């Protein structure tokens, strides 16, 4: 059942995150909105970007947002005030991640930038990709970036040096995750690849989707991938074998998340589906959005979805 509909953005929701009773959403209308999940009402609107918001992350103190206007902005989540604009990228910011030390952003300009979050200054520019950076993740030592140039690169965050270049996809990398010595990447070439970060070599290629891979998540046992072919697939990460194809969506799967009980997927067909991961069967379809679902997050018995219809919805996972 739909619990709340968060109305107020004037164009498509591109990105969202939620934590306890706060939802933060980014939109093509160039704003970020902060919402109270209890009453489904807007708390404040973060105004200042000059084009679409593509990406965001927030914590207890701040929101960090990336835009088509080529900036990253740091905001105070409680006052709504813009604190710092990180200027430097020459084209749209597509992805970002931050912690207490650094902001890391990827851009259509083919670079990844590392910014000192405390001083608000650029620390280094990671140069080497030949086309747009689409996706990134970092930890302690390492940034991992995926690109329209069909490669994944692994970088030394402290020196800016390229450590590994993961070559093998035949088209753009759309999505990636890494954990310990494993990178998993999804591509427009319709495959997922599993890579060894130690040697920068591919471990196996997960073949089976009939169109681009848009999204993935993995754990110790399995990879779950969503595709333009409208399916989600569950794979064994060690054998590379397809285990289950989740069929039901009527158009491209744009987003997904899973745990030990369920897979939750969002689609261009305007629905969110909840699947029993153990039985491989659909449990329910969340109907109500009037256009494509672009983004989702779930936590315990709550799903939050963003849509091209300009709303965010909050759903009861078990009903």
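Numbering follows the first chain given and starts at 1.
**Q** Going by the B-factors listed in the PDB entry, is the mean over the C-alpha atoms higher for 25-33 or for 247-255?
**A** Looking at the record's C-alpha B-factors, the answer is 247-255.
**Q** Check the entry's C-alpha temperature factors for 194-202 and 227-235, then say which stretch has the higher mean.
**A** Here the higher of the two C-alpha B-factor means belongs to 194-202.
**Q** Among 17, 11, 305, 301, which carries the highest Cα B-factor?
**A** Spelled out: the listed residue with the top C-alpha B-factor is 301.
**Q** Highest CA temperature factor in the entry: which of 291, 39, 70, 65?
**A** Among 291, 39, 70, 65, the PDB entry lists the largest C-alpha B-factor for 39.
**Q** Would you mind checking where the Cα B-factor of residue 158 ranks among the modelled residues of its chain, as the lowest, middle or highest third?
**A** Its C-alpha B-factor belongs to the highest third of this chain's values.
**Q** By the record's CA B-factor, is residue 51 among the lowest, middle or highest third of residues in the chain?
**A** Lowest third.
**Q** Going by the recorded CA B-factors, say which third of the chain residue 109 sits in, lowest, middle or highest.
**A** Middle third - that is where residue 109 ends up once the chain's C-alpha B-factors are sorted.
**Q** Please place residue 93 in the lowest, middle or highest third of its chain by C-alpha B factor as given in the entry.
**A** Tercile = lowest for this residue's CA B-factor.
**Q** Classify residue 168 as lowest, middle or highest third according to the C-alpha B-factor given in the PDB entry, relative to its own chain.
**A** Within its chain, residue 168 is a lowest-third residue by C-alpha B-factor, going by the deposited values.
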